[PDB]
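What follows is a set of notes on a single structure, which appears directly below.
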Amino acid sequence: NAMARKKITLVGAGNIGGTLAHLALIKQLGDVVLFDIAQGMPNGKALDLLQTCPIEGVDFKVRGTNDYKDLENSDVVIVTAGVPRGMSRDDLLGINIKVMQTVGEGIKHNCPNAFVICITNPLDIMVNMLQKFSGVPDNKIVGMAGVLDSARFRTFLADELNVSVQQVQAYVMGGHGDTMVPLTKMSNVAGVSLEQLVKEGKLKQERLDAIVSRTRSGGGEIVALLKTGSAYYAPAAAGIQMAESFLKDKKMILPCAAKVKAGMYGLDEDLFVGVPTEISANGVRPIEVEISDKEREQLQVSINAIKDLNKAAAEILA
Amino acid sequence: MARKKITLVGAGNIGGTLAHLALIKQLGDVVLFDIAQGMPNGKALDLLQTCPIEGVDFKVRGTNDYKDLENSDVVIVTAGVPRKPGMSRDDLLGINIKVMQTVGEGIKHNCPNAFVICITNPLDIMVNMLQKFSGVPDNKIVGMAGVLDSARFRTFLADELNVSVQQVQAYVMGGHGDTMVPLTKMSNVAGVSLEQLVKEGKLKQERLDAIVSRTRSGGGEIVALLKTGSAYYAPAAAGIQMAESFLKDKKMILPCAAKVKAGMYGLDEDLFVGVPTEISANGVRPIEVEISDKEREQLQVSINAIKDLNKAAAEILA
Amino acid sequence: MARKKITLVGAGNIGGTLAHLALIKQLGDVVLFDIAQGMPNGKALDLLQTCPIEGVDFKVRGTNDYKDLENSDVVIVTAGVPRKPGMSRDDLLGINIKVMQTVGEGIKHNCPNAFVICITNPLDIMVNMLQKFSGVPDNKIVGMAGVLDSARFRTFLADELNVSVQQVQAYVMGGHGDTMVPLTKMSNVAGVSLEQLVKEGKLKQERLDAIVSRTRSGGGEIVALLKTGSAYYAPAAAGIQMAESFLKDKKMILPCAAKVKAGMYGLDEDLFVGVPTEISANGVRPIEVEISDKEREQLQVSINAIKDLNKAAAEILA
Amino acid sequence: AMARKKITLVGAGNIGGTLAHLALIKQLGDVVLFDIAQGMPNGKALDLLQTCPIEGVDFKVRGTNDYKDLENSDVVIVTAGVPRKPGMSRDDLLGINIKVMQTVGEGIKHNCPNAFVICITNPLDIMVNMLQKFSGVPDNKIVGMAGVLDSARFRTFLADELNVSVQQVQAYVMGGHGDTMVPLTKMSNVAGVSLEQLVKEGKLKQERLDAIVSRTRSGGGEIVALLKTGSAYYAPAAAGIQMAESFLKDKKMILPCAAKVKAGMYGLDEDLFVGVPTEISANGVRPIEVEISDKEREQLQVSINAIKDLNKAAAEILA
């Protein structure tokens, strides 16, 4: 019985979505469906992308759609849809919870066994909402966030230290910005921890602090530069990295927004939290690593922000 | 030994996509020039942060300064204003000639030995102008046009006949749209020419005709679907293919706008024409293939349109 | 979702190279089967230890046990003995028929739905025997032969004419050596047929002749240079190209030994013949292309050799 | 018109052919396959060349018996030598191979003195030194492949034991092979969690960890006993190309390699080639000093002593 090609569906055909599509084709991960609510635009992007394929020697296809039925049989669904943020935090959540409702039902009704990667903001709460309305189990939904902060952090360290990105490992948990927890003892260059590099005078403590700080603010930095819109190349790269670990059963461990069970990281209740997460053919699984008292106090900031958003979201739903 | 260097003059969507491709294919360091404030830096920062994910150690930086073109091995020019309603051809010409001047002088003063690929429209004339103001020799300037038409033609063929893009070869000459010359004898699926497939009833002449027509209008088709902007993925793929052929000394023969000396193809004067062109470490060399009488007549149309633009450009410049 | 699985039956140089290529191209897990003790495990271990260097998480293991064939999506068979002095043709057949029986039964009992690519010589007869003892349907067995000849033909043409391998297409039918059928009308460089290039004085008949001949004798040429063994890199590459077309549902059309039904190519009985064959997720399908009277005559020579081996094999089996 | 990169492989046995193949696949440049043996390198080159139309590659490979063909090489990778046969003495082994390094070395000296030189010939501990001595290349343009292989093995074993991507497993070593290998167990880590921490946490049994170290020490011999003929070549070739590729792409990777370390670094008294973290860039190689534990340093001393002894035996042969 002939084997079906892999099928990746991208819900949201903006710049991040088109970039996801392009990477999926180049890496030959499977057929691609580009979904967007906007008429014509997803088709136009699909067609353009499809026409790259003869140049690259690729026979996977890409098609545009405004219809949720076309999510059928998707192995992976990657969600970038939503409305960007003088709009209140209440109104923002309201509009996007709605969008997560629509996307979620689409998933529920058309590919309930898909692996679901959420990129929509605010990621802290949107990943929870998208599970809630799609009904997918804990191990089949994950949010992209840590991998981007880590890519940024690695980028900054590689340039500062003049070393390959392949020897730079940057570890984070928590959210973005002031909710990001940098794991500076475990982060290392070719096995030498960032704190050891300071102690050795190979890296100024000031430089390290500036790099951490620049990583916290990295999205905003690109926004200020772009004048219009936000980062999309690195975010897409992160999403595909994650998708690829699922599709190729790689068992990578990556900082992602994953539902963590009560007890792990001293949590009182199940919560989506940015934590090291295994990604395999079996979906995702959070990993508990030992962290310092300081890093844990910092993790508590994110947990408390997330709890606050969960409460606001509950109120909106009632 | 210096890393290779690709400068992209123009950081619109095509330019950004070129950059992304150059990084994924590890072709060298990339400089993303644009006249706009902040934006080239922002995209370049975003792109540079993909690199840790993809394990790449080539760098990309943004700039407003022609000095950063220094030592570029390749320069791909996408800068220019797209035509709009009710902008006259004279107006588009006037505007883009002046960009070519500014870009030409940047090249001439900062990397006069670069291999220059022109993508700015109207391609029929902008390649000519880019040479005139850069001062680069005939073998070091080339326009991207035919490869895009080819990719589209192959895409449609591959889907129509249900075969791998790797077994579809589409040969064209001339310009876009009504000036394109489809070579239906040379073009073939797995060695069976398109006209032969028609004789065999494996492809209806109507279908071939619709596919030819669709390729002529391919650019406009995507425009109409996008509603904002033009195609950019397939154009970027085409541009990078040509660049790779130079960088890797591949000696591919690709349909490009290259300077053809009086005599070849029956020209009574030197012209930039869309012809099969060898791309190697020595630059470009147009190749004369045998074509039918009919095919020659079609090419005459393009030749006339180029000669016409050449007169218009000369006037504007005086 | 199960990882894809490629079993290589035969862990000689071709088998090892197949395995290496499969790993590099991330096509799935690999099982390296051989009747020899230790050696397949040893190569498999060596190959597995490349993986961290290449960033690949697919696995390779060695085995003596047909049970390890279970669930193989693809099986590529290279097992057999090479002909040697003064071992007769009959001596070889008797030996390799037996291997095919063992291998066939292994396939039948452990992965009867695999797509099977046969490489064992004499290819003209061994694919037939492999199907007979494996019991796999017509659309799931194919022999590698033409693609290797094609590759060589292209190599020589590319060097001779100083052009990219990506603009050289070489089409052949039939078997190797004196049974090969060169298709000089369909074969072309950048859309200009080899014949046309002769008419044009761009390629002397003599050179085309020496290249054709050299392609006929390509296997023996390498044998003579190596002094021990036979070619294996290009054969493995060929094998993996075919496997990839199956795995990625590419629908490439490639010259392969495939079962042709009575009526096609004028056959009065079903035979395995080297013909253009579509490879897709649905397995193989021979394709009839129009060929010249002369070309047809040359194919008849192959057809006669295959009929002769079929009689010789039947006798041995009785 | 810029020249294509040129990689020359001195030795066209299984490792050399494999190095050629990877170089084609990764499109690193034209390849020259040198061997003393008549025909064989040409046969391998032709077979390899004939892969290229299938892969879409326009880089070329050719065979040669002539040192003149090393001209203009950006990188030279040396696998040539005679394998220890039984019952061959250590003296005779050294003697034969020092001679081969002499000939290879002169070839480099006379034909591509600006090449980046990767030595794989055994015993690597001494051959890298000899090859520099006869080629005359400076300290930053010669390097020995050894650590990268041990680390690939170590990572391979860890990834399988822990069910994790090879991309999240970093295994750090210095010193030589086998009993001269120094495992850096505290720096080695899975997704930033050190191997020792994994033990402390019950995620890895100490015994398992010890077995994996031990299996890495013996990893070459494990494959030799399995193959019955010859030794490992896939992973050794992959290691050598990773090294070559960091040079050619100026990657600035830091990799455990046999490099010339200056007196004072790692408490050395004199200049020696030692397996140490080494930066590989377009500027060649540079050893990096990392802090190691007392225990690890004691273990490093075992390699240093074995290297000294070989340097002594080598000098006595030359005199």
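FYI, nothing fancy with the structure tokens labels: chains A, B, ... in order, residues from 1 per chain, ligands from 1 as they appear.
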
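Proximity to residue 286 (chain B) at 10 Å, evaluated using only C-alpha atoms and with sequence-adjacent residues fewer than 3 positions away removed, yields residues 139, 142, 253, 254, 255, 256, 257, 258, 259, 260, 261, 264, 272, 273, 274, 275, 276, 277, 278, 279 and 289 of chain B.
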
Those residues with N, CA, C and O atoms, as a JSON list (two decimals), in the first residue's frame please?
[["chain", "number", "residue", "atom", "x", "y", "z"],
["B", 139, "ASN", "N", 32.05, 40.02, -19.61],
["B", 139, "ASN", "CA", 32.01, 38.69, -19.00],
["B", 139, "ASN", "C", 31.61, 38.73, -17.49],
["B", 139, "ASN", "O", 31.33, 37.70, -16.89],
["B", 142, "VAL", "N", 25.55, 40.12, -15.88],
["B", 142, "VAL", "CA", 24.53, 39.22, -16.35],
["B", 142, "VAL", "C", 23.22, 39.53, -15.65],
["B", 142, "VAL", "O", 23.21, 39.93, -14.47],
["B", 253, "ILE", "N", 25.05, 26.04, -18.26],
["B", 253, "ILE", "CA", 24.49, 26.87, -19.32],
["B", 253, "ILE", "C", 23.06, 27.18, -18.91],
["B", 253, "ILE", "O", 22.23, 26.28, -18.73],
["B", 254, "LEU", "N", 22.80, 28.45, -18.71],
["B", 254, "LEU", "CA", 21.52, 28.89, -18.28],
["B", 254, "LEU", "C", 21.08, 30.04, -19.15],
["B", 254, "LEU", "O", 21.90, 30.83, -19.55],
["B", 255, "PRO", "N", 19.78, 30.13, -19.45],
["B", 255, "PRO", "CA", 19.24, 31.32, -20.18],
["B", 255, "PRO", "C", 19.32, 32.62, -19.29],
["B", 255, "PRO", "O", 18.66, 32.69, -18.27],
["B", 256, "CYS", "N", 20.16, 33.57, -19.68],
["B", 256, "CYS", "CA", 20.35, 34.83, -18.95],
["B", 256, "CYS", "C", 20.48, 36.00, -19.93],
["B", 256, "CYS", "O", 20.78, 35.83, -21.09],
["B", 257, "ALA", "N", 20.27, 37.20, -19.42],
["B", 257, "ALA", "CA", 20.50, 38.38, -20.19],
["B", 257, "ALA", "C", 22.03, 38.63, -20.10],
["B", 257, "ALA", "O", 22.57, 38.94, -19.02],
["B", 258, "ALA", "N", 22.71, 38.45, -21.23],
["B", 258, "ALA", "CA", 24.12, 38.63, -21.33],
["B", 258, "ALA", "C", 24.38, 39.48, -22.56],
["B", 258, "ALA", "O", 23.56, 39.51, -23.47],
["B", 259, "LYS", "N", 25.52, 40.16, -22.59],
["B", 259, "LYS", "CA", 25.90, 40.93, -23.78],
["B", 259, "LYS", "C", 26.27, 40.00, -24.92],
["B", 259, "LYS", "O", 27.17, 39.18, -24.77],
["B", 260, "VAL", "N", 25.58, 40.13, -26.05],
["B", 260, "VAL", "CA", 25.88, 39.34, -27.24],
["B", 260, "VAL", "C", 26.56, 40.22, -28.32],
["B", 260, "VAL", "O", 26.03, 41.27, -28.67],
["B", 261, "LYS", "N", 27.72, 39.83, -28.81],
["B", 261, "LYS", "CA", 28.44, 40.64, -29.82],
["B", 261, "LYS", "C", 27.70, 40.64, -31.16],
["B", 261, "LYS", "O", 27.06, 39.66, -31.50],
["B", 264, "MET", "N", 26.56, 37.22, -33.71],
["B", 264, "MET", "CA", 25.91, 36.13, -33.04],
["B", 264, "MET", "C", 24.43, 36.39, -33.04],
["B", 264, "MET", "O", 24.00, 37.52, -32.79],
["B", 272, "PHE", "N", 22.55, 43.33, -24.98],
["B", 272, "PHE", "CA", 22.14, 42.40, -23.93],
["B", 272, "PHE", "C", 20.85, 41.72, -24.41],
["B", 272, "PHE", "O", 19.86, 42.42, -24.71],
["B", 273, "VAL", "N", 20.91, 40.38, -24.52],
["B", 273, "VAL", "CA", 19.76, 39.56, -24.90],
["B", 273, "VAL", "C", 19.68, 38.32, -24.01],
["B", 273, "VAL", "O", 20.69, 37.84, -23.54],
["B", 274, "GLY", "N", 18.47, 37.84, -23.74],
["B", 274, "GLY", "CA", 18.28, 36.59, -23.01],
["B", 274, "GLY", "C", 18.69, 35.41, -23.90],
["B", 274, "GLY", "O", 18.03, 35.08, -24.90],
["B", 275, "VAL", "N", 19.85, 34.84, -23.59],
["B", 275, "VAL", "CA", 20.39, 33.73, -24.36],
["B", 275, "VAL", "C", 20.98, 32.68, -23.45],
["B", 275, "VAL", "O", 21.21, 32.94, -22.26],
["B", 276, "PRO", "N", 21.20, 31.47, -23.97],
["B", 276, "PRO", "CA", 21.91, 30.49, -23.16],
["B", 276, "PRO", "C", 23.30, 31.05, -22.92],
["B", 276, "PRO", "O", 23.99, 31.53, -23.87],
["B", 277, "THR", "N", 23.73, 30.97, -21.66],
["B", 277, "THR", "CA", 24.93, 31.62, -21.21],
["B", 277, "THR", "C", 25.69, 30.67, -20.32],
["B", 277, "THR", "O", 25.13, 30.08, -19.40],
["B", 278, "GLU", "N", 26.96, 30.46, -20.60],
["B", 278, "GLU", "CA", 27.77, 29.68, -19.69],
["B", 278, "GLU", "C", 28.14, 30.53, -18.46],
["B", 278, "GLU", "O", 28.53, 31.66, -18.63],
["B", 279, "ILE", "N", 27.94, 30.01, -17.27],
["B", 279, "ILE", "CA", 28.43, 30.67, -16.03],
["B", 279, "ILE", "C", 29.48, 29.81, -15.35],
["B", 279, "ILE", "O", 29.19, 28.68, -14.92],
["B", 289, "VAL", "N", 23.05, 28.78, -29.88],
["B", 289, "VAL", "CA", 22.47, 27.50, -30.34],
["B", 289, "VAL", "C", 21.64, 27.74, -31.59],
["B", 289, "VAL", "O", 21.14, 28.83, -31.82]]

request  = Identify every residue of chain C that has at least one atom within 6 Å of any atom of chain D, counting only C-alpha atoms, and report the result as a PyMOL selection string.
outcome  = chain C and resi 38-39+42+46-47+49-50+52+55+57+151-152+155+164-166+222+225-226+231+233-234

task = Give the residues of chain A that lie within 6 Å of chain C; count only C-alpha atoms, and format the answer as a VMD selection string.
result = chain A and resid 2 to 3 59 250 281

task = Run DSSP on the backbone and grab whatever in region 161-315 of chain D lands in strand (DSSP E); send it over as number ranges by chain.
result = D: 169-170, 173-175, 181-183, 189-190, 193-194, 253-261, 272-281, 284-287

Skip region 76-92 of chain B itself and residues of its chain fewer than 5 positions away, then list as a compact mmCIF listing (two decimals) with N, CA, C and O atoms, in the first residue's frame all residues within 6 Å of it, counting only C-alpha atoms.
# COMPACT_ATOMS: atom_id res chain seq x y z
N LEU B 8 24.61 41.84 -1.46
CA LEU B 8 23.28 42.02 -1.97
C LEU B 8 22.89 43.49 -1.80
O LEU B 8 22.74 43.99 -0.68
N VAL B 9 22.73 44.16 -2.93
CA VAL B 9 22.35 45.56 -3.01
C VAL B 9 20.86 45.60 -3.20
O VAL B 9 20.35 45.41 -4.31
N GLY B 10 20.14 45.82 -2.09
CA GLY B 10 18.70 45.76 -2.09
C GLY B 10 18.36 44.72 -1.04
O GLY B 10 18.84 43.58 -1.11
N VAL B 116 28.73 40.47 -11.28
CA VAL B 116 27.51 41.23 -11.01
C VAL B 116 26.30 40.59 -11.68
O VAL B 116 26.29 40.38 -12.90
N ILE B 117 25.31 40.25 -10.85
CA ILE B 117 24.03 39.73 -11.30
C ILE B 117 22.98 40.79 -11.05
O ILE B 117 22.80 41.29 -9.92
N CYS B 118 22.28 41.16 -12.13
CA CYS B 118 21.28 42.22 -12.08
C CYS B 118 19.92 41.56 -12.05
O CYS B 118 19.65 40.66 -12.84
N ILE B 119 19.08 42.00 -11.13
CA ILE B 119 17.71 41.55 -11.05
C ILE B 119 16.73 42.73 -11.18
O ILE B 119 15.58 42.54 -11.44
N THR B 120 17.21 43.96 -11.03
CA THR B 120 16.38 45.17 -11.13
C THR B 120 15.60 45.27 -12.46
O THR B 120 16.14 45.01 -13.52

task = Show which residues sit within 12 Å of region 201-206 of chain D, as a list in words. Count only C-alpha atoms, and ignore same-chain residues fewer than 2 positions away.
result =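 Final neighbour list, sorted by chain and number: residues 287, 288, 289 and 290 of chain A; 158, 159, 161, 162, 163, 185, 189, 190, 193, 194, 195, 196, 197, 198, 199, 208, 209, 210, 211, 212 and 213 of chain D.
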
request  = Please report as a count of residues only which residues of chain A come no farther than 8 Å from chain D, using only C-alpha atoms.
outcome  = 18

task = Just the residues within 12 Å of residue 308 (chain B), please, counting only C-alpha atoms, with nothing from its chain fewer than 5 positions along; format it as JSON, numbers by chain.
result = {"B": [89, 124, 125, 271, 301, 302, 303, 313, 314, 315]}

inquiry  = With only C-alpha atoms as the counted atoms, please give the residues lying no more than 10 Å from region 174-183 of chain B, apart from itself and same-chain residues fewer than 3 positions off, as a ChimeraX atom specification.
reply    = /B:122-124,144-146,148-150,153,170-171,186-188,193-195,212-220,255-257,272-276,291-292,294-306 /C:191

ask   = Within 6 Å of residue 189 (chain C), counting only C-alpha atoms, which residues qualify if same-chain residues fewer than 2 places away don't, as a list in words?
value = residues 167, 168, 191 and 192 of chain C

Please produce a file of those selected residues containing N, CA and C atoms, as a PDB file, in the first residue's frame.
ATOM      1  N   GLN C 167      23.601  19.923 -16.889  1.00  0.00           N
ATOM      2  CA  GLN C 167      23.064  20.141 -18.226  1.00  0.00           C
ATOM      3  C   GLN C 167      23.331  18.949 -19.188  1.00  0.00           C
ATOM      4  N   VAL C 168      23.845  17.830 -18.682  1.00  0.00           N
ATOM      5  CA  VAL C 168      24.081  16.668 -19.554  1.00  0.00           C
ATOM      6  C   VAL C 168      23.045  15.628 -19.134  1.00  0.00           C
ATOM      7  N   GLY C 191      19.847  20.783 -23.920  1.00  0.00           N
ATOM      8  CA  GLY C 191      18.770  20.739 -24.912  1.00  0.00           C
ATOM      9  C   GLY C 191      19.209  20.462 -26.351  1.00  0.00           C
ATOM     10  N   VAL C 192      20.500  20.392 -26.605  1.00  0.00           N
ATOM     11  CA  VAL C 192      20.980  20.071 -27.972  1.00  0.00           C
ATOM     12  C   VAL C 192      21.381  18.633 -27.991  1.00  0.00           C
TER      13      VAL C 192
END

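Using only C-alpha atoms, the smallest distance between any of B:140, B:293, B:161, B:267 and chain C comes from B:161.
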
ask   = What is the distance, in Å and to one decimal place, between CA of residue 264 (chain D) and CA of residue 316 (chain D)?
value =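 Atom-to-atom, CA of residue 264 (chain D) to CA of residue 316 (chain D), that is 25.9 Å.
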
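Take CA of residue 241 (chain C) and CA of residue 307 (chain C): the distance between them is 28.1 Å.
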
request  = Please indicate the distance in Å from CA of residue 203 (chain A) to CA of residue 145 (chain D), rounded to one decimal place.
outcome  =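 CA of residue 203 (chain A) sits 29.1 Å away from CA of residue 145 (chain D).
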
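Among the candidate residues A:213, A:131, A:150, A:74, the one lying nearest to residue 165 (chain A) is A:150, with distances computed using only C-alpha atoms.
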
task = Taking the DSSP assignment computed from this structure's backbone, write out as a PyMOL selection string all residues of region 66-265 of chain B that belong to alpha helix (DSSP H).
result = chain B and resi 89-110+123-134+146-161+194-199+205-216+218-226+233-247

query = Taking into account only C-alpha atoms, which residue in the set B:163, B:242, B:74, B:44 is nearest to chain C?
reply =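 The closest residue to chain C is B:163.
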
ask   = Taking only C-alpha atoms into account, which of C:70, C:209, C:268, C:54 comes nearest chain B?
value = C:54
